[PDB]
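Only one structure is covered here, and it is reproduced in the block below.
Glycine also receives a Cβ, built like all others from the backbone with ideal geometry; neighbour counts cover every protein chain displayed. Since every read-out is calculated from the coordinates, none of them should be taken as a lab result.
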Amino acid sequence: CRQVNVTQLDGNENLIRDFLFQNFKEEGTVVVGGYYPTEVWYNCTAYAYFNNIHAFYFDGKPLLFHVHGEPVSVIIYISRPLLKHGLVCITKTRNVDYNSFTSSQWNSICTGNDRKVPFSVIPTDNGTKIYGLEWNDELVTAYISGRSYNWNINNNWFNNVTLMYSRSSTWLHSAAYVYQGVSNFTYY
Ligand SMILES: *[C@@H]1O[C@H](CO)[C@@H](O[C@@H]2O[C@H](CO)[C@@H](O)[C@H](O)[C@H]2NC(C)=O)[C@H](O)[C@H]1NC(C)=O
Ligand SMILES: *[C@@H]1O[C@H](CO)[C@@H](O)[C@H](O)[C@H]1NC(C)=O
Ligand SMILES: *[C@@H]1O[C@H](CO)[C@@H](O)[C@H](O)[C@H]1NC(C)=O
Ligand SMILES: *[C@@H]1O[C@H](CO)[C@@H](O)[C@H](O)[C@H]1NC(C)=O
Ligand SMILES: *[C@@H]1O[C@H](CO)[C@@H](O)[C@H](O)[C@H]1NC(C)=O
């Protein structure tokens, strides 16, 4: 909705250079290519829609976004075990109510046959590292802090995500999240 230089924020000066040098641990020069985030990000019961994207990056304020796929879809909800802000819901179902998901209690949200995984957003890096997701029809990569985790799942991803940025009060009404979707093969 509104563009923002992501490197001009506080604590986000080196959140990108710390990401392009994750795997390059040698001395010298090299040109790399991939779905790498750019400098201009997007700070903006509200919804946002990204289409034709291959990766999704972003940087206790709550956020929610749903990655569409068949026959399994992914829900990431950052808001209950102690110091476990984030939740991953591997929904095998189709359309899901994004309001009843957040308004209801955390004890019964991702229930039924849907897999629930509570993960700890590290509240000690002061939001100075990129959080991200990347997917193809064979592998799903998650970037949290400075490490990459892989999952092997055979899915049919639709390359679009649904994002919730505004709602009424596990949800505190605030806007402290920047996000971006990557669709082109960028070189650094
Ligand atoms: C994400 O993309 C998928 C795949 O294109 C969309 O699913 C199709 O949506 C169209 C309308 O745009 C329907 O006519 C098709 O029947 C849908 N196909 C399937 C297999 O579901 C989906 O709507 C997109 N979602 C968002 C939120 O943009
Ligand atoms: C980013 O900063 C440059 C100057 O460094 C400015 O011209 C540009 O408009 C900014 N882009 C934004 C705010 O989207
Ligand atoms: C995060 O901020 C705290 C509070 O100022 C500081 O003690 C800590 O070292 C910071 N962590 C970093 C810079 O990795
Ligand atoms: C995004 O912009 C809004 C509206 O101007 C502002 O309140 C908010 O602080 C910005 N968010 C960040 C993380 O900079
Ligand atoms: C991706 O690059 C093409 C040219 O290769 C350009 O036309 C298109 O607008 C780019 N897409 C985005 C989302 O920036």
To the nearest 500 deg cm²/dmol, what mean residue ellipticity at 222 nm is calculated for the chain from DSSP H runs of n ≥ 4 alone, each contributing -39,500 (n - 2.57), summed and divided by the residues? -1000 deg cm²/dmol
In nm², what is the average projected area of the convex hull enclosing the Cα atoms of the chain? 11.2
Cα pair distances exceeding 12 angstrom across the stretch 44-90, given as percent: 71
Based only on Cα atoms, what Rg/Rh ratio does the stretch 118-188 have, Rh being taken as Kirkwood's radius? 0.98
Quantify how much of the Cα-Cα distance distribution of the stretch 72-153 extends past 20 Å, in percent. 38
Please give me the summed charge of the neighbours of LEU87: other residues whose Cβ is under 9 Å from its Cβ, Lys and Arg +1, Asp and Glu -1. +3
